[PDB]
Student: 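Quick one: the structure is below, questions incoming.
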Amino acid sequence: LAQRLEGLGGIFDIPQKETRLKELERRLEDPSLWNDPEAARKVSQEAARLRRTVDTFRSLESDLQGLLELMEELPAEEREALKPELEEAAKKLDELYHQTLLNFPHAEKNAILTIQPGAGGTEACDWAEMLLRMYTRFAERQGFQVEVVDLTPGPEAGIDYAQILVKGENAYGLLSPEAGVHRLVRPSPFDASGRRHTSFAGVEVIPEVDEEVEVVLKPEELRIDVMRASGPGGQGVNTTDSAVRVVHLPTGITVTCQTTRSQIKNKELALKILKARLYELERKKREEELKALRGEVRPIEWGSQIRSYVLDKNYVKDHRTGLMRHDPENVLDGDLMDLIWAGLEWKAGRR
């Protein structure tokens with residue numbers, strides 16, 4: 001299959017677009033439309049990378065009969081001058097594949113992940129907090145920083161809403177195939193009869209883009225509110241603390257943010273998120289469009305849960321990818337990579 005990566009890694013169409021990014025950049029009247037010349041050198045990496053693909057499969061296929069020398073002799077002065085080029089290769093292969101699985105759009109950008117319970121009652125709020133812990137642990141073990149933009153606790157337990165900002169390379173991309181509905185099956189700690197409950201929570205992920213590509217906001221298009229959760233009776237120093245709710249009147253889109261103390265840094269974040277949600281509202285719409293042009297029915301949508309975590313029977317099962325894991329306790333503690341790559345491939349495989 002890594003043989004067929006060169007299959008949909010496009011290597012017959014890509015060897016022709018390379019000698020193109022250069023010609024448009026050769027004419028002196030290129031920087032006339034500035035927004036095109038800046039993405040012709042960046043896209044020209046794909047011009048040089050393909051040779052880096054054949055050059056690596058030739059270097060790789062050395063191994064197809066390279067260790068023939070070492071399996072015939074063990075010391076190797078000349079051969080170990082080629083093997084340290086194989087780990088730059090063995091690890092250049094994974095890279096390639098995982099590199100190609102990550103190039104969409106904004107795959108590179110940080111991520112804004114949001115969780116809200118669905119049906120199930122108290123069970124669903126606990127489940128939502130569980131997913132939050134899962135993604136927080138996921139970030140943790142990946143070297144990403146997490147900024148709890150907001151976190152609304154639930155009536156009786158768990159959370160009623162949560163929204164985080166995961167900062168790190170390809171946060172969006174990696175987390176992107178996780179957007180969807182998640183189903184939980186197990187007996188509820190909240191119900192005395194050991195009756196299995198079924199609970200749901202949905203997860204969203206959009207990317208935190210570059211604000212330059214984002215619209216600009218009219219102060220008169222917003223309604224800033226400074227909120228103080230709700231202190232039980234004691235509202236003396238609780239009359240003005242630090243959380244701000246920005247509303248975007250034209251849409252009704254709203255963003256709340258209690259990350260820090262400085263009420264002024266929070267407005268900044270609330271607005272950084274808000275901007276990105278509008279940006280998302282656009283793309284979503286700019287795509288409901290190409291359907292107008294030869295798109296009369298339903299595209300490709302998955303209604304029920306994308307993944308199931310059924311604990312009393314000890315397995316986690318991704319219904320799209322098909323990947324089944326027997327250690328839900330690990331999945332639930334952050335170990336998500338294998339579920340992700342698989343999702344990325346399932347998503348790629350359909351573009």
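FYI, the numbering just counts along the sequence from 1. Atoms considered below: every heavy atom in the structure, side chains included; atoms not considered: hydrogens, waters and symmetry mates.
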Student: To the nearest 0.5 Å, what is the distance between CG on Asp333 and CZ on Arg137?
Tutor: 4.0 Å
Student: Between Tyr161 and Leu184, is there a shared hydrophobic cluster once you connect ILVMFWY residues whose side-chain heavy atoms come closer than 4.5 Å?
Tutor: no
Student: Between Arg261 and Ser242, do the side chains contain an N or O donor and an N or O acceptor separated by less than 3.5 Å?
Tutor: no
Student: Could you check whether atom CD of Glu73 has more than 12 heavy atoms from other residues, nucleotides or ligands sitting under 6.0 Å from it?
Tutor: yes
Student: On a heavy-atom basis, which atom in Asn238 and which in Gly231 lie closest, and how many Å separate them?
Tutor: ND2-CA, 4.0 Å
Student: Out of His182, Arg183, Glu123, which one pairs with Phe200 under the side-chain contact (heavy atoms from CB on, under 4.5 Å) rule?
Tutor: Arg183
Student: Set out, in order, the CA-CA distance, both residues' side-chain angles and the distance that settles salt bridge (charged side-chain N to carboxylate O under 4.0 Å, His left out) for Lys272 and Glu208, then state yes or no.
Tutor: CA-CA 8 Å; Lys272 228 184 294 205; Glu208 142 168 280; 5.4 Å; no
Student: Any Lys/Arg nitrogen of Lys284 or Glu280 sitting under 4.0 Å from an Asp/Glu carboxylate oxygen of the other?
Tutor: no
Student: A quick test of your reading: do over 12 heavy atoms of other residues, nucleotides or ligands sit less than 6.0 Å from CD of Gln145?
Tutor: no
Student: State, with a plain yes or no, whether a side-chain heavy atom of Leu151 is found less than 4.5 Å away from one of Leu132.
Tutor: yes
Student: Of all the heavy-atom pairs spanning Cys125 and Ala157, show the shortest one and how long it is.
Tutor: CB-O, 2.9 Å
Student: Does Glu288 have more than 12 heavy atoms from other residues, nucleotides or ligands lying within 6.0 Å of its CD?
Tutor: yes
Student: In this structure, would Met130 and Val316 fall into the same cluster of hydrophobic residues linked by side-chain contacts under 4.5 Å?
Tutor: yes
Student: With a 4.5 Å limit on heavy-atom distance, are the side chains of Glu214 and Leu278 in contact?
Tutor: no
Student: Would you call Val166 and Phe138 a side-chain contact if the rule is heavy atoms closer than 4.5 Å?
Tutor: no
Student: Quick one: are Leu336 and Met134 in side-chain contact, heavy atoms under 4.5 Å?
Tutor: yes
Student: Quick one: CZ on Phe104 to NZ on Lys347, what's the gap to the nearest 0.5 Å?
Tutor: 8.0 Å
Student: Evaluate the ring planes of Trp341 and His98, with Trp represented by its six-membered ring, and classify them as parallel (under 30°), tilted (30 to 60°) or perpendicular (over 60°).
Tutor: parallel
Student: Count I, L, V, M, F, W, Y as connected when their side-chain heavy atoms are under 4.5 Å apart, and connections chain through other members. Are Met337 and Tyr135 then in the same cluster?
Tutor: yes
Student: Run the side-chain contact (heavy atoms from CB on, under 4.5 Å) test on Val185 and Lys313 for me, step by step, so that the C-alpha distance in whole Å, both residues' side-chain angles and the decisive distance to 0.1 Å come before the verdict.
Tutor: CA-CA 9 Å; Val185 191; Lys313 289 152 137 275; over 6 Å; no
Student: Tell me, yes or no, whether the heavy-atom count around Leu33 atom CG, taken from other residues, nucleotides or ligands under 6.0 Å, exceeds 12.
Tutor: no
Student: Examine the side chains of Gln163 and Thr114 and answer whether a donor and an acceptor come within less than 3.5 Å of each other.
Tutor: yes
Student: If you define the side chain from C-beta out and look only at heavy atoms, does anything of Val209 sit under 4.5 Å from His106?
Tutor: yes
Student: Rounded to the nearest 0.5 Å, what's the gap from CG on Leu5 to CG on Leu1? Could you check?
Tutor: 9.5 Å
Student: So does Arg52 have more than 12 non-hydrogen atoms from other groups sitting under 6.0 Å from CZ?
Tutor: yes
Student: Looking at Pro189 and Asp126, what are the two nearest heavy atoms and their distance?
Tutor: CG-OD2, 4.3 Å
Student: Could you tell me whether the side chain of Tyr315 reaches within less than 4.5 Å of the side chain of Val310, counting heavy atoms only?
Tutor: yes
Student: For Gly120 and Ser199, which heavy atoms make the closest approach, and how far apart are they?
Tutor: CA-OG, 4.3 Å
Student: For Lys83, is there an ion pair with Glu87 - N to carboxylate O distance below 4.0 angstrom?
Tutor: yes
Student: Between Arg325 and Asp318 (salt bridge meaning N to carboxylate O under 4.0 Å), is one present in this structure?
Tutor: no
Student: Looking at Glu211 and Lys275, is there a salt bridge between them, counting it only when a charged N and a carboxylate O are closer than 4.0 Å?
Tutor: no
Student: Report yes if the side chains of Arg186 and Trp127 come closer than 4.5 Å at any heavy-atom pair, otherwise no.
Tutor: no
Student: Regarding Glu38 and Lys42, does a basic nitrogen lie under 4.0 Å from an acidic carboxylate oxygen?
Tutor: no
Student: Got more than 12 heavy atoms from elsewhere within 6.0 Å of CG, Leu8?
Tutor: no
Student: Salt bridge between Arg286 and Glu289, side-chain N to carboxylate O under 4.0 Å?
Tutor: no
Student: Can you list the steps and then say if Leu332 with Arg133 is a side-chain contact (heavy atoms from CB on, under 4.5 Å)?
Tutor: CA-CA 8 Å; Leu332 276 178; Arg133 215 114 62 179; over 6 Å; no
Student: Do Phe144 and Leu175 have side chains that get closer than 4.5 Å, going by heavy atoms?
Tutor: no
Student: Can you name the closest pair of heavy atoms from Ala276 and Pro207 and give their distance?
Tutor: CB-O, 3.9 Å
Student: Measuring from atom CD1 of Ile300 to atom CZ of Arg298, what distance do you get when rounded to the nearest 0.5 angstrom?
Tutor: 8.5 Å
Student: If you look at every heavy atom in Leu24 and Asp30, which pair is closest and at what distance?
Tutor: O-OD1, 2.6 Å
Student: Quick one: do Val203 and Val255 end up in the same hydrophobic cluster if we chain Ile, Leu, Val, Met, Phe, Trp and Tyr together by side-chain heavy atoms under 4.5 Å apart?
Tutor: no
